[PDB]
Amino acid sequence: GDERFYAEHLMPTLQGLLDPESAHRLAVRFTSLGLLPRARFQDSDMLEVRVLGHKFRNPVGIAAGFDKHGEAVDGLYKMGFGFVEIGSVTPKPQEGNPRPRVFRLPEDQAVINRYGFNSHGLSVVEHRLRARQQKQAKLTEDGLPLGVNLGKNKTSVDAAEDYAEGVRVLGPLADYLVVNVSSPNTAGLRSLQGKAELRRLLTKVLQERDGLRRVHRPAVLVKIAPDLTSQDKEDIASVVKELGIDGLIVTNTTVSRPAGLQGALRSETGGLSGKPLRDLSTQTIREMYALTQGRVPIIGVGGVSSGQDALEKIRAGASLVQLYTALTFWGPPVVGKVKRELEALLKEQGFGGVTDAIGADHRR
């Protein structure tokens, strides 16, 4: 469980042998088998957060896209994440884009991916989650909630019906659902972020959700891009408040390529994640928090690899944070590292707990 060993030796050597997709698949295998150090870090009460109708024993989650098909959920809690998001899941199975479709930018601590929603489909994931449904109910009660991220098939004619199907099938198995309208890798998907289409889409989603039995009724969150115009952001905030959307996930990967990227593969098509996304994401959180008057829970994600990164997002308005790319460079010890550093920084800055820090920047 040594950060230095994983960061300086183990992870780099494994990356030396395996292309990123092979490495991802192997990581999922290892994780599902529990082949990792069980956490040194025991979660402090300071790290607990209550939001989305749930207790989270720590605010650090695993972002969607690592466990796309719900295969490694328990290994992910063992890794120390306070909550787990699986997906994106599409209604029907689909292969996603041709390989290669994932690229490392080691010099930038960044990744570019164009998976294209490769997915086992709703039915397979439903059965997988059903097999451990009662274990999840206890985990959730214990402060370890589960989120399910919903996508749409490449060849679907009715985007809203794809999401509605997802709500009906995986909604009853989830503590929260994510409407992913921000994947850069599915044609036309991000235009679902525009006002009229979003309102129509989310109205249908919320109706389907409200039609589920009470104990099986998840919160609904919208995951947005970091590449939105100011107009897009205003409109989303407006729709979210008009419809009573439960929360936002901020943000997905960027189609931008910030100046300064050094990686040889920087011009590959796809969404960029990791360090170059970090502050762009933090700023989007800051803006969405203000537009929603601090009343809509935000899960902050984008380039988090340290306690400081996490705290900056929390102070900007995030109630919870996720990471993914940092894990691909630092390995499993990064989770305890982030939690440990976050706790220390909360103390240094005079916060009683994570909850006190949420949106602190806006009250300065």
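The first residue of the shown sequence is 1; numbering continues from there. Rigid core here is just the name for the largest C-alpha set that superposes within 1.5 Å across the two forms.
Between 266-274 and 194-202, the larger mean CA deviation from the shown form in 9 other deposited structures of this protein, after core superposition, belongs to 194-202. As recorded in the PDB entry, 125-133 is the stretch of 282-290 and 125-133 with the greater mean C-alpha temperature factor. Per-stretch averaging of Cα B factors for 101-109 and 160-168 places 160-168 on top. Per the deposited coordinates, the residue with the largest Cα temperature factor out of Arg50, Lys339, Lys68, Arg315 is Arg50. When the CA B factors of the chain's modelled residues are split into thirds, the value for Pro333 lands in the highest one. Remark: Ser191 belongs to the highest third of its chain, ranked by C-alpha B-factor as recorded. When the modelled residues of the chain are ordered by their C-alpha B factor, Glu242 lands in the highest third. Ranked by Cα temperature factor within the chain, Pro184 sits in the highest third according to the deposited record. Among the modelled residues of the chain, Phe30 sits in the highest third by CA temperature factor in this PDB entry.
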